[PDB]
Amino acid sequence: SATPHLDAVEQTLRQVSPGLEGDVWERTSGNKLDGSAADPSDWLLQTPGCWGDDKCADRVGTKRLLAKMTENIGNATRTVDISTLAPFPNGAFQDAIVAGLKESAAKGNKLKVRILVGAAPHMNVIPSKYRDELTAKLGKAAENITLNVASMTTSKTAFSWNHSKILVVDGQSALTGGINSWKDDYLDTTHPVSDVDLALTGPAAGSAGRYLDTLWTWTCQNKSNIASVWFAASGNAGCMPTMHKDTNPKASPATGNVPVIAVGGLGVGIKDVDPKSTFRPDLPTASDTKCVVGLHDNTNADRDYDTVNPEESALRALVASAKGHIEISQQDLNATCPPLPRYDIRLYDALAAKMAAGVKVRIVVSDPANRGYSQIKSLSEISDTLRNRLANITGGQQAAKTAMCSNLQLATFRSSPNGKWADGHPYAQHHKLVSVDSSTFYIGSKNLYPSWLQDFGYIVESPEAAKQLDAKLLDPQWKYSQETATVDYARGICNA
Ligand SMILES: *[PH-](=O)([O-])[O-]
């Protein structure tokens, strides 16, 4: 096969979540990574993109991200479909959205627009305030636009709400990844968060539209339930649960030859199980993930949860598909317990199995000196766990340590020679990135640390794009980050 990695992931998803195929996950052909003619790797919307400079003077990444938001929206003829994590877009992110909408409206187009945020759960005025602010900023363009704005919470007790970050235009183009539209963390700061989105076009953008219809179908159904949904619309417009299906082709036009698996999850409180699923997982055991006995562990101990959250299985299957090497860049691999379990056992088992077979694993996480942008005190909380899982399959602890130190790179993130930004603040990293075999990679919103949220992303099998990702992001990341490594097989470092 030309697509061995996607083939394996696809087979897993059809066993885990067959009833969600089309809507919460979908394999498509005919896509394109949407880079420019001058810089074809600039589909890779990293921010800030100021490698080597502790003052981050020339933020080529940020500039491209904001320009690409405006460009895609300004090309809209029918729909603009946005999700993110609250707060609603502000600063230059909002400026970019407004500029795009005005550009489309002046080109004569009449648009339907949805903007959905997830938030922690009386009289939430935020959606209505954002609607009215956007309408004022649009000026005459507002006459051409039907707007829906909502904040939603699907489960208070499971801490479940939207955390996908998607921008889809006409079902044709999509931007997605880790980037929240938060000016203070990403833009107006001398210690910007490092993160990444991708830009694509093709049928896979339609998959994102169908995912958003799934979320908006729930949101609209629950719009009268305060505490679940706060909704606001322009004029006398109603809630649009199926804007994508209603307005855009069932299969978007083809734009290239790139195969993609779109995959998300429904978190907790939308749908409890895929009734079509006959998935029968072999669930591992551990004694050090559920920190307290009363916690219901959806990540490790709930078969039904898996069936409505195919993204967890997809990421584990992506790791399991690697023949040569795996690079992982995350805010965290481990979560804060309670209320989440500390780690995904199946994930750590999949990484252990790869290392036991001589496949190289690199994990770069955010510096613990950031502890919202870190959830561990020490890299040992990752390496100890990998070693203990390795012990189960290598026959003991000494053989585990040797396997780990022979096949692992483990470090915290830097983007310049300095241990911190020049302003003295630690580097914060927020990617949700997995790349394997310089072939197939995930960019999206789904963290590898336990999390029970609505998330979304793309798994792309394209060696050319993976090589661009190496050159523009993974290679410079390791150039600077390697100085913090506690384990590095390539230099014989084993301080763990
Ligand atoms: P996310 O914005 O919580 O990872």
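Residues numbered from 1 in each chain as written, not as in the entry; some residues may be left out. Heavy atoms only, no water.

The record names X-ray crystallography as the way this model was obtained, at a resolution of 1.35 Å.

**Remarks on the state of the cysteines**
Rules: In this description, the term disulfide denotes a pair of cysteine sulfurs within 2.5 Å. By definition, any uninterrupted DSSP run of H or I lasting at least four residues is a helix, any uninterrupted run of E lasting at least two residues is a strand, and each is numbered from the N terminus. Between buried and exposed lies partly exposed: a residue is buried under 20% and exposed over 50% of the maximum accessible area for its type, with that area taken using a 1.4 Å probe on protein chains only.
With the rule as written, the count across this model stands at four disulfides. The disulfide bridge from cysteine 291 ends at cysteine 337, spanning 2.0 Å between sulfur atoms. On the S-S bond that ties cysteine 291 to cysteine 337, the torsion sits near -85°, and the link is left-handed. With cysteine 291 in the loop between β10 (258-264) and α8 (298-301) and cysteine 337 in the loop between β11 (325-330) and α11 (345-356), the pair connects residues that are 46 residues apart, well separated along the chain. On the basis of relative accessible area, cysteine 291 is assigned to the partly exposed category, the value being 43%. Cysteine 337 gets classed as partly exposed once you look at its relative accessible area, which sits at 22%. Linked covalently through their sulfurs, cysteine 405 and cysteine 494 form a disulfide whose S-S length is 2.0 Å. The sign of the 75° torsion about the S-S bond sets the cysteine 405-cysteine 494 disulfide as right-handed. Remark: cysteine 494 occurs in strand β18 (residues 493-494) and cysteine 405 occurs in helix α13 (residues 397-407); sequence separation between them is 89 residues. Numbered in order of appearance, the disulfide-bonded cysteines of the protein chain are paired 1-2, 3-4, 5-6, 7-8.

**Observations regarding the environment of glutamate 133**
For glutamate 133, the position within the fold is in helix α4 (residues 126-138). Separated by 77 residues in the primary sequence, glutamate 133 and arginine 210 place their C-alpha atoms 28 Å from one another.

**Looking at the pattern of salt bridges**
Counted only if it meets this: Only one rule defines a salt bridge in this text: a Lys or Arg side-chain nitrogen within 4 Å of an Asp or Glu carboxyl oxygen.
Taken as a whole and judged by the stated rule, the model has 25 salt bridges. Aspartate 34 is the salt-bridge partner of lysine 68, the closest N and O atoms lying 2.7 Å from each other. Within this pair, whereas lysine 68 is found in helix α2 (residues 60-74), its partner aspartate 34 is found in the loop between β1 (25-33) and β2 (44-47), the two being separated by 34 residues in sequence. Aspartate 132 is paired through a salt bridge with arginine 131; the nearest N and O atoms lie 2.9 Å apart. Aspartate 132 gets classed as partly exposed once you look at its relative accessible area, which sits at 41%. With relative accessibility at 18%, the residue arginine 131 sits in the buried group.

**Section: the packing of helix α10 (residues 310-320) against α11**
When two helices pack together, their arrangement is captured by the angle between the axes and the distance separating the axes. Here is the rule: Each axis is a line fitted through C-alpha atoms, and for a helix only the stretch in contact is used; angles between axes span 0 to 180 degrees, taken between their N-to-C directions. Should an angle fall under 35 degrees it is taken as roughly parallel, and over 145 as roughly antiparallel, whereas 65 to 115 is taken as roughly perpendicular and any remaining angle as oblique. Two residues form a contact once any of their heavy atoms are found within 4.5 Å. Amino acids outside the nonpolar list (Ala, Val, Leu, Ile, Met, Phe, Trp, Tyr, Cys, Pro) and the charged list (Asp, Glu, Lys, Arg) are all regarded as polar, and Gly is one of them.
Two numbers describe how α10 lies on α11: the axes approach to 9 Å, and their chain directions differ by 5°. With respect to their mutual orientation, α10 and α11 come out roughly parallel. Judged by residue contacts, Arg316, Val319 and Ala320 of α10 engage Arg346, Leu347, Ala350, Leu351 and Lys354 from α11. Residue classes in the contact of α10 with α11 are distributed as five nonpolar, no polar and three charged.

**Regarding the domain arrangement of the protein chain**
How big an interface is tends to be stated in terms of accessible area lost as the parts join. Note the threshold: Domain delimitation follows an automatic or database domain assignment. The quantity reported as buried area is the accessible area (1.4 Å probe) lost by two parts once they are put together, taken as the sum for both. Between N or O atoms, a polar contact is any pair within 3.5 Å; within protein, one atom must be a potential hydrogen donor and the other a potential acceptor, and residues adjacent in sequence are included only when both atoms are from side chains.
According to the domain assignment, the protein chain contains domain 1 (1-42 + 257-496) and domain 2 (43-256). Domain 1 and domain 2 are separated by 25 Å when their C-alpha centres are compared. On the side of domain 2, 61 residues touch domain 1, which itself brings 66 residues to the contact. Across the domain 1/domain 2 interface, buried area totals approximately 5,000 Å², and carbon plus sulfur atoms make up 61% of it. In this assembly, domain 1 and domain 2 are joined by three salt bridges. For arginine 210, the salt bridge identified is with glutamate 26, shortest N-O distance 2.8 Å. If you look at where domain 1 meets domain 2, you find 49 residue pairs in polar contact. Among the elements of the structure, β1, β10, β15 (440-444), β16 (456-461) and α14 (463-481) are those that each provide at least two residues to the side of domain 1 that touches domain 2.

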